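Structure at a glance
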Amino acid sequence: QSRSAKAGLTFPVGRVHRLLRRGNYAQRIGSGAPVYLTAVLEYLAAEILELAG
DNA sequence: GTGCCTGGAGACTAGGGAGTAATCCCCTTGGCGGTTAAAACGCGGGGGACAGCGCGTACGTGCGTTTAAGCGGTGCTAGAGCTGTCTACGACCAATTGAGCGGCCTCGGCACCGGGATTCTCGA
């Protein structure tokens, strides 16, 4: 399974990893940080979508 | 529904951060006395918060009128991408030097301390 769906989530991981890789935010990057961004933004999106419903 | 272009996924090899030994070690947290300037209790008050009245006016509301102004068309016009093509163009590791920090020593106005001249009391 790809990294965008290995954790069973909704938001893509490769998209935010490509955004930080060329956005020049650090020298290196840990493996847990893009999926952590994935989890935080998908939880914020799900909460505001439940409130929108 | 249907679909082709392309970022996404991923293992192997150099190559630079992580937290666990290690040890100073400086800052801090905790308490004892004192003494003192600030915090607290109270008491009369008077000056400022607050209710009410006079009023008048100017906006709440309504009506004739203009007044741009909105919806729809379409050419005129001139500003936004994208692929070639070439030039600059800022970084990589290394010898040499440098210039601002670690810790040291010198001035200098401010506050405290003593004499010269002046004024006050008594004595001669």
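Residues numbered from 1 in each chain as written, not as in the entry; some residues may be left out. Chains lettered and ligands numbered in written order. Part of a larger assembly, values for the part shown. Heavy atoms only, no water.

Per the deposited record, cryo-EM is how this structure was determined, to a resolution of 4.15 Å.

**Comments concerning the overall build of chain A**
When its secondary structure is counted, chain A shows two helices and zero strands. With the C-alpha coordinates of chain A rotated into their principal frame, the extents come out at 40 × 25 × 15 Å. Looking at the 53 residues of chain A, the share that counts as buried comes to 9%. When the accessible surface of chain A is totalled, it reaches about 4,600 Å², and 57% of it is carbon and sulfur. (Helix = DSSP H or I, 4+ residues; strand = E, 2+ residues; numbered from the N terminus. Buried < 20%, exposed > 50% of the residue type's maximum accessible area, 1.4 Å probe, protein only. Areas by Shrake-Rupley, 256 points an atom, 1.4 Å probe, with all protein chains shown as cover.)

**Quick word on the packing of helix α1 (residues 13-23) against helix α2 (residues 32-52)**
The geometry of α1 relative to α2 is characterised by a closest axis approach of 9 Å and an angle of 120° between their N-to-C directions. Where α1 crosses over α2, the handedness of that crossing is right-handed. Across from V13, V16 and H17 in α1, the residues of α2 making contact are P34, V35, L37 and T38. (Axes fitted to C-alpha atoms, helices over the stretch in contact; angles between N-to-C directions. Left-handed = near helix turned anticlockwise from the far one by under 90°. Contact = heavy atoms within 4.5 Å.)

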